[PDB]
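**Q** I have a structure I would like to understand better, so I am pasting it below and will then ask my questions one at a time.
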Amino acid sequence: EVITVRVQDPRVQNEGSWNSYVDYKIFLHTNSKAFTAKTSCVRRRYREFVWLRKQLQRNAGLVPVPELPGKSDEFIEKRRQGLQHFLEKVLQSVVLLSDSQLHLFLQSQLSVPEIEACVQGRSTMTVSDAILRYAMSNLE
Amino acid sequence: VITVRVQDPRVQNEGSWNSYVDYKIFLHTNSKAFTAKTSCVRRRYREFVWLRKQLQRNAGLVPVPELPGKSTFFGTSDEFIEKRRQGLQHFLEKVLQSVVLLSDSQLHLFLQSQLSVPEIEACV
């Protein structure tokens, strides 16, 4: 199985107005049975990556999570490479690769809050066949 | 081409009385203009029950696929969840092939909005 991730095409959304910001296109080309989309295209702010790293650190327990680049056109390009490097490294850690929140971040044009939603409460397997039976009987 | 999978059953509100199970609906489409459109929403079974009744109203005389009830089932818990999960996916797969049902706005909100049922009844 082969996974390719490039971070291309930096663009300034909302030119000149105060909520001006830069997002980056994340092109994920896979043929891996781990992922769903075999080519995928999503735009992500830097602040979204900052969230993603904090989220990877929770689920990864004690597995090291690659660093992000801290702190125009030259800086944008330095960060662009840094973001690509970060994802390249993340996709090589098999534990991190299995994070559902990462899978939604990379493939899914969901917001961060929408990803935090699509992931809630324990699965119906990682729970006592008693809590699951209590769940199954609910009402109006 | 439109693809729908119903995956990742989960228990929201573990142990407390308003404990319940919802299912992730992954709707993956492509126009050849773009690359891949996705979409991810969690839905209770009772939400599907509503959706079917709503599809039947607007569909006039077009047959609406069946949902999985509780029938002759001897299995484990985890087994029932998985039987229902397939049943729900089957139901949506069938619904998405009926061109009339596919054009229901309430279905489009159910599959692609993170709106409540009452919020969908409002938006319409």
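Each chain in the structure tokens gets a letter, A, B and so on, in the order shown; residues start at 1 in every chain, and ligands are counted from 1 in the order they appear.
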Counting only C-alpha atoms, which residues from chain A have an atom at most 8 Å from any atom of chain B, and could you show them as an MDAnalysis selection string?

**A** chainID A and resid 37 39:41 107:110 118 120:125 129 131:138

**Q** Could you pull the residues within 12 Å of residue B:108, counting only C-alpha atoms, minus those fewer than 2 positions along the same chain, as a compact mmCIF listing (two decimals) with N, CA, C and O atoms, in the first residue's frame?

**A**
```
# COMPACT_ATOMS: atom_id res chain seq x y z
N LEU B 27 -21.56 9.61 3.04
CA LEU B 27 -22.05 9.83 1.66
C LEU B 27 -20.92 10.41 0.81
O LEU B 27 -20.53 11.56 1.05
N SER B 39 -18.90 14.09 3.04
CA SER B 39 -20.08 14.15 3.95
C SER B 39 -20.23 13.00 5.00
O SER B 39 -20.23 11.84 4.66
N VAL B 41 -22.37 12.35 8.78
CA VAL B 41 -23.38 12.72 9.82
C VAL B 41 -23.70 11.47 10.64
O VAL B 41 -23.67 10.36 10.08
N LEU B 51 -37.40 9.52 8.74
CA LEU B 51 -37.00 9.76 7.33
C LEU B 51 -37.89 8.94 6.40
O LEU B 51 -38.32 9.49 5.37
N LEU B 55 -40.29 10.29 3.53
CA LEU B 55 -40.11 9.87 2.12
C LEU B 55 -41.46 9.42 1.55
O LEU B 55 -41.74 9.75 0.39
N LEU B 92 -30.63 2.80 2.57
CA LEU B 92 -30.14 4.04 1.92
C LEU B 92 -29.72 3.74 0.48
O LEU B 92 -30.13 4.49 -0.42
N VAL B 95 -32.83 3.52 -1.49
CA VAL B 95 -33.46 4.87 -1.54
C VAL B 95 -32.75 5.72 -2.59
O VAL B 95 -33.45 6.45 -3.31
N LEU B 96 -31.42 5.62 -2.68
CA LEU B 96 -30.58 6.48 -3.57
C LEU B 96 -30.73 6.05 -5.04
O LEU B 96 -30.29 6.83 -5.91
N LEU B 101 -37.25 9.57 -4.93
CA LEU B 101 -36.84 9.63 -3.50
C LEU B 101 -35.55 10.45 -3.37
O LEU B 101 -35.46 11.24 -2.41
N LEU B 102 -34.62 10.26 -4.31
CA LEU B 102 -33.30 10.95 -4.34
C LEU B 102 -33.50 12.47 -4.34
O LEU B 102 -32.64 13.18 -3.79
N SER B 103 -34.60 12.95 -4.93
CA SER B 103 -34.91 14.39 -5.13
C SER B 103 -35.64 14.98 -3.92
O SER B 103 -36.01 16.17 -3.99
N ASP B 104 -35.88 14.20 -2.85
CA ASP B 104 -36.50 14.70 -1.59
C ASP B 104 -35.46 15.58 -0.89
O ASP B 104 -34.32 15.11 -0.71
N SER B 105 -35.84 16.82 -0.55
CA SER B 105 -34.97 17.81 0.14
C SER B 105 -34.70 17.34 1.58
O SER B 105 -33.55 17.48 2.03
N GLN B 106 -35.71 16.77 2.24
CA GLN B 106 -35.59 16.26 3.64
C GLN B 106 -34.56 15.12 3.69
O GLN B 106 -33.84 15.06 4.70
N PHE B 110 -31.05 15.16 5.76
CA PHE B 110 -30.80 13.99 6.65
C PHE B 110 -29.38 13.45 6.42
O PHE B 110 -28.73 13.09 7.41
N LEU B 111 -28.93 13.41 5.16
CA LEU B 111 -27.69 12.71 4.73
C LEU B 111 -26.47 13.64 4.79
O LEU B 111 -25.34 13.11 4.93
N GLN B 112 -26.68 14.96 4.67
CA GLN B 112 -25.58 15.95 4.45
C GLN B 112 -25.58 17.09 5.48
O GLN B 112 -24.52 17.70 5.64
N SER B 113 -26.70 17.40 6.14
CA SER B 113 -26.76 18.40 7.24
C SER B 113 -26.48 17.69 8.56
O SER B 113 -26.76 16.49 8.66
N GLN B 114 -25.96 18.43 9.54
CA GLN B 114 -25.88 17.98 10.95
C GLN B 114 -27.07 18.60 11.70
O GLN B 114 -26.94 18.85 12.90
N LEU B 115 -28.17 18.87 10.99
CA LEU B 115 -29.42 19.40 11.57
C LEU B 115 -30.12 18.29 12.35
O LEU B 115 -29.99 17.12 11.93
N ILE B 120 -34.77 20.12 10.49
CA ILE B 120 -35.05 19.76 9.06
C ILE B 120 -36.52 20.07 8.76
O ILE B 120 -36.79 20.66 7.70
N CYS B 123 -36.41 23.88 8.28
CA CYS B 123 -35.72 24.32 7.03
C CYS B 123 -36.63 24.07 5.81
O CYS B 123 -36.28 24.55 4.71
N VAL B 124 -37.77 23.38 6.01
CA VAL B 124 -38.77 23.00 4.96
C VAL B 124 -40.16 23.39 5.45
O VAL B 124 -40.67 24.39 4.98
```

**Q** So that I can check the surroundings of residue A:106, please list as a list in words every protein, DNA and RNA residue that reaches within 9 Å of it, counting only C-alpha atoms and ignoring chain neighbours fewer than 3 positions away.

**A**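 Once the nearby chain positions are removed, what remains is residues 26, 27, 28, 40, 41, 42, 44, 101, 102, 103 and 109 of chain A.
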
**Q** Set the distance at 10 Å and use only C-alpha atoms: which residues neighbour residue A:111 once local chain neighbours fewer than 5 positions away are removed? I'd like the list as a ChimeraX atom specification.

**A** /A:44,48,104-105,116-117

**Q** Could you turn the residues from that selection into a file that holds N, CA and C atoms, as a tab-separated table (two decimals), in the first residue's frame?

**A**
```
chain	number	residue	atom	x	y	z
A	44	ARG	N	-7.09	23.70	4.09
A	44	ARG	CA	-6.96	23.75	5.57
A	44	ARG	C	-6.12	24.96	5.98
A	48	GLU	N	-6.00	24.95	11.79
A	48	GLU	CA	-6.63	23.61	11.68
A	48	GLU	C	-5.57	22.53	11.94
A	104	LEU	N	-10.51	12.26	8.61
A	104	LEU	CA	-11.53	13.29	8.29
A	104	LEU	C	-10.85	14.60	7.89
A	105	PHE	N	-9.79	14.99	8.60
A	105	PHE	CA	-9.01	16.23	8.33
A	105	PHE	C	-8.48	16.21	6.89
A	116	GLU	N	-15.11	16.96	15.25
A	116	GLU	CA	-15.28	16.72	16.71
A	116	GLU	C	-16.66	16.09	16.96
A	117	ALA	N	-17.65	16.42	16.12
A	117	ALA	CA	-19.01	15.84	16.15
A	117	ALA	C	-18.98	14.40	15.61
```

**Q** Env of stretch 67-69 of chain A: 7 Å cut, atoms = only C-alpha atoms, seq-sep filter 2 positions within chain, self excluded. Answer as number ranges by chain.

**A** A: 65, 71, 79, 82-83, 86

**Q** For each of A:9, A:15, A:114, A:140, take the minimum atom-to-atom distance to residue A:77, counting only C-alpha atoms, then give the residue where this is smallest.

**A** A:9
